[PDB]
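Think of it as A, B, C, D and E in the order they're written, each chain with its own count starting at 1.
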Amino acid sequence: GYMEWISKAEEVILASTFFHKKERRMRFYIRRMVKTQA
Amino acid sequence: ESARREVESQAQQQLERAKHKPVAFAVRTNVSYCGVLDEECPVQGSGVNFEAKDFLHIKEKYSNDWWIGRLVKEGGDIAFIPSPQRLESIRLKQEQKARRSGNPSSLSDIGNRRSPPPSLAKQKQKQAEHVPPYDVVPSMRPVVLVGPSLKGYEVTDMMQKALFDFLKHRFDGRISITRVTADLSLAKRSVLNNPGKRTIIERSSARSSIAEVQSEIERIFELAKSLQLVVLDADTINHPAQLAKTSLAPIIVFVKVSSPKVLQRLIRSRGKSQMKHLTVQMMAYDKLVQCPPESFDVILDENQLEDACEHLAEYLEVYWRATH
Amino acid sequence: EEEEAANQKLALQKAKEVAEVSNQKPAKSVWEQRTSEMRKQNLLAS
Amino acid sequence: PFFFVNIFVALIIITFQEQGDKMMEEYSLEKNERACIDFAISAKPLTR
Amino acid sequence: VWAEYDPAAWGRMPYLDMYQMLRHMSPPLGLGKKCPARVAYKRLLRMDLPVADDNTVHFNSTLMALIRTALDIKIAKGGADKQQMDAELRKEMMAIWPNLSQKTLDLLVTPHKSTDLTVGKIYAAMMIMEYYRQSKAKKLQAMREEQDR
């Protein structure tokens, strides 16, 4: 329970990794899709 | 008498017209006194039977002896609250019904030592502390969340960040979040009249950090008068009593892990960086745990985020409907 | 039973927070009933 | 044959329910105190 | 064992045979050969059953208490509790089976009669005094060497 709590908050903090800020977000985006029931 | 009835009707008309007006400010009490049983109130049957650790909301102006207030209880109607001078008078009235109050004891000593009451027997003395019956507090309670072990570290930071997000999202448009990097534990009211009033004095406290800490104390007050809920993102306070003697007296939200065993492995998940600092992160936990639960206002002792998320949610609308 | 007991305790704690404004499971089984008794008798003797 | 079948045998043993007998927690004693006292209810010395 | 100590199976056995019976049988049903005599007397008081003036102990009544002592079936702390557990236990057995005859039910567990001496009372004559009897020799001793000294 606590691991998922901090994990969601860590993604809240997130908002060539420096130029591709999206590159961190695709890692975040497909992280979302993996969790999805679909 | 027609005079008492006329001022009775005038008070009711004033109350009826003031039912829909903004609140002026709020007070904090420290004595269990009932304002419904006192016969000196302007209106009988509309008093306040409030105990200690209770909040009062004054809106309009009546006189120097009584005031119109409202309670933070849901459904609490408009009542009358004593003035701070009135309670000091009635406090002297509480202790005068006894057989003796000054130096002369009644141990079979009548007619020998009359002992007229000196300045010691009045409220002039006992001024070493002399705590006022009323304390100035924000009308709206700020909310401070105490982390599991220590703020400013990863485990606590995400442990706080998720709750901060939900406060932003669910209650958007009615809650404002303020973060203070400065300290807040040096909030004292009975130290001196004005320690370090100006920055050009070159005093020890003039150039110290007490200047901005005192300046941030009232910053909360304006946010409270705006009725929009506010929190305290203080990175220095990690224990409930550290900010309990001040005038903030805020809502303390306790998030805690059930056992120290899970917390240790919870820190392990962050990485080797927290492994350097782990040892003192456990001593800060049990010291906060050994504090009696009654000190905190709410406890989040559960592991599920959503179930904990609604736990703080349902406690907040009750605060909104309490004062509306 | 731990989850049920914790929920009842949490709901009780919820009352203090709001205090400012305020099928059938078969009865164990022959194995469970005997196993519980041996636990008591062994522990009672200790 | 060796492992799953003995789970079937074990699972039935552990989950077997009582033969009727109504509810059987209303009475406080239950347990084995019944069988000893039941014997004491109906007993006779072996006539020599 | 009861068949031999009462060879005719009268249903009544004088109590002098009973203590020897408890010695013969091992715990938890009987006292056992190596049981302490005073500890053995403790269980005898735990029986708390009326003593017949013919020295006899009922077969059904005696078997009941031995079970109760071993299994600790609501063994009372004493005093008013014993007055209540006998009222209680008889109701459980009545609750479990109403088919049992009331007279037979009172036969297994006698209705409380403080007039009738308990099984403990005859044995309490020995155990309490034997603790004093050894002390009685020491009591006369305690002054005796003091008198010589």
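Here is the rule we go by: contacts are C-beta pairs under 8 Å (C-beta built on N, C-alpha and C of every residue); 3 or more make two chains touch, one makes a residue touch a chain.
Asker: Could you pull out the chain whose C-alpha mean position is farthest off from that of subunit A?
Answerer: E
Asker: Can you figure out the chain closest to the middle, judged by Cα centres?
Answerer: Chain nearest the overall C-alpha centroid, as shown: C.
Asker: Consider the two chain pairs C-D and D-E; indicate the one with the greater count of contacting C-beta pairs.
Answerer: Between the chain pairs D-E and C-D, D-E carries more contacts.
Asker: Can you work out the whole-Å distance between the CA centroids of subunit D and subunit E?
Answerer: Result: the chain centres lie 30 Å from each other.
Asker: Which whole number of Å gives the spacing of the CA centres of subunit C and subunit D?
Answerer: The mean C-alpha positions of subunit C and subunit D differ by 25 Å.
Asker: Which whole number of Å gives the spacing of the CA centres of subunit B and subunit D?
Answerer: The computed centroid separation for subunit B versus subunit D comes out at 63 Å.
Asker: Using mean C-alpha positions as chain centres, tell me how far subunit B is from subunit E in Å, no decimals.
Answerer: 69
Asker: What are the residue numbers in subunit E that touch two or more other chains?
Answerer: In subunit E, no residue touches two or more other chains.
Asker: Taking each residue of subunit B in turn, which ones touch at least two of the other chains?
Answerer: In subunit B, the residues touching two or more other chains are 302.
Asker: Graph of touching chains, which shape: line, ring, star, complete, other?
Answerer: Here the contact pattern is a line, an open path with two ends.
Asker: Considering every pair of chains, which are in touch?
Answerer: A-B, B-C, C-D, D-E
Asker: Tell me, which parts of subunit B touch subunit C in their complex?
Answerer: Against subunit C, subunit B makes touches at 72-75, 297-299, 301-302, 311, 314-315, 318-319, 321-322.
Asker: What residues of subunit C sit close enough to touch subunit B in their complex?
Answerer: 6, 10, 13-14, 17-18, 20-21
Asker: Using the touch definition from the top, list the residues of subunit D that touch subunit C in their complex.
Answerer: Subunit D reaches subunit C through residues 13-18, 23-25, 31-32.
Asker: Would you pull the subunit A residues touching subunit B in the complex into a rising list?
Answerer: My answer: residues 1-10, 12-13.
Asker: Under the touch definition given earlier, write down the residues of subunit C that touch subunit D in their complex.
Answerer: It comes out as residues 26-27, 29-33, 37.
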